[PDB]
């Protein structure tokens, strides 16, 4: 699988955004290849323009592209499902009820698809009502983490995208998600409010739980607003943290 070479020592792959193809190349070099680089569907008016762009970013970085919704924006879920017919990338961000469509649309090309599920205020339970119609309903479907993992697997997904975390604001809920993932042999992608000061703790929680594959997403906290570029020195600093941390689980 293409994404497997993106995990440092098989444990942690960074997910950060690229502003342009030069930024993607510089990020990929700074992360020593242990990264998938987000290109957002929202940034393009059509599926065709998105596909063209993503292939052009991919050409340079061994197709280590993460196909984005745009901060988990559920209106982009149908657009991402459609992009999947024409470009698999290495990694695809998707909302829970569109995972199945996206896997089918890949038409057998290898890729890794996450499933957006959200905190609920209830330790042990995730909100799977993350598509456009489901997110707009009066009640949400709030279910035990492991039942959500089982359903994601039935839809052809590889991981839980846990969002929005607001950093460590929901630490106890995140701890239980990490535990459930580890026990089910399933991958986890913490997202939302991750910065250079809470990055190590968030990843460590997952590793300590014994989650095998973790993909932390680090977005605007490492983006230089002057250029819109993800900062290369920040990506270097994050990889150094990843190595120091993972080298302890031998």
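Numbering follows the first chain given and starts at 1.
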Mean CA B-factor: is it higher for 221-229 or for 187-195? 221-229
Looking only at C-alpha temperature factors in the entry, 83-91 or 70-78, the higher average sits in 70-78
Using only modelled residues of the chain, where does the Cα B factor of residue 45 rank: lowest third, middle third or highest third? highest
Classify residue 154 as lowest, middle or highest third according to the C-alpha B-factor given in the PDB entry, relative to its own chain. lowest
Ranking the modelled residues of this chain by C-alpha B-factor as given in the entry, is residue 21 in the lowest, middle or highest third? highest
Temperature factor at the Cα of residue 108, chain-ranked in thirds, falls in the middle
Should residue 58 be placed in the lowest, middle or highest third of its chain by the C-alpha B factor in the entry? highest
